[PDB]
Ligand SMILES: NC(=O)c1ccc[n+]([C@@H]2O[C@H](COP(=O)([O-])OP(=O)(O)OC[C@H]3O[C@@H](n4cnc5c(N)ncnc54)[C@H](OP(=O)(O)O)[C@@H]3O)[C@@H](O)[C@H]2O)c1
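Single chain ahead, by itself, as structure tokens, in the form solved without the named molecule.
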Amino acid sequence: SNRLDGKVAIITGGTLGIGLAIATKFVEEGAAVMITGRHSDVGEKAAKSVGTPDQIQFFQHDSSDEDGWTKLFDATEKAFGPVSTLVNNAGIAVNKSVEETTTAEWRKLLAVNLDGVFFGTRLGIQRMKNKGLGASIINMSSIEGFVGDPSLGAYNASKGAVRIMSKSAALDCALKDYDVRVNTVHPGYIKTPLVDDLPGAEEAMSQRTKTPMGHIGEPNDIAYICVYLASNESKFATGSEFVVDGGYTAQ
């Protein structure tokens, strides 16, 4: 127990699915957690479902909102003390080829998936450096950050950007002895109530030519690698990509 003793984590998109499992396991391991989401109705209920206000709170925020990031860090420090841990998990998807991607779809997906991760990473380094917190920025960077998908053009762009921008941040933090690590987590297909809402999606994702294990993962599969990366167990890991994909990228 207590693998995140004393840690203070922000988890973007922490009210559902992968983000909620990360928040749940973070609280179970002794972190204080601020989860973000778009909808107070979902977010407040999610926080209460996991624990008490001394353990977990909700902050309504769109990760694309630059000024809101300031308010989010300030609210988390007011609630829990200085932030040690940021999981940039909030993301959206557009099911279009590059050929069929409208510029509106392109800009909207990059605002969340790329600007959001940039804004959170930049502010995280500024607020967490040089405080002896054992600080950790975990960027959600997808198997779509390693391989293309013909129907996820803008998503591929965003996840490749997060993958290599995270290495830049990791290096600067390491060279300057900031006590901040930056790593990416690369989920394969994960069962979420959302996947459950797309008829035939889980079966298509489970075909051996997609996921060799012949089934998709579960939110806890991503939560456990995030616990490792938030913990001081991973104090020599920075600038690295952690893939949990049932073998998708191995073939």
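For every residue, the number given is its place in the sequence shown, counted from 1.
We do not show the form solved in complex with the named molecule, though everything after this point is about it.
The closest non-hydrogen atom of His39 lies within 4.5 Å of the named molecule in the bound PDB entry. At least one heavy atom of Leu198 is located within 4.5 Å of the named molecule in the bound PDB entry. Under a 4.5 angstroms non-hydrogen atom cutoff, the named molecule in the bound PDB entry has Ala90 among its neighbouring residues.
In the bound PDB entry, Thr184 stays away from the named molecule, with no heavy atom inside 4.5 Å. Heavy atoms within 4.5 Å of the named molecule in the bound PDB entry map, among the stretches 73-81, 92-100, 169-177, 124-132, onto 92-100 alone.
Residues of 5-24 placing a heavy atom within 4.5 Å of the named molecule in the bound PDB entry, in sequence order: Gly13, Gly14, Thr15, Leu16.
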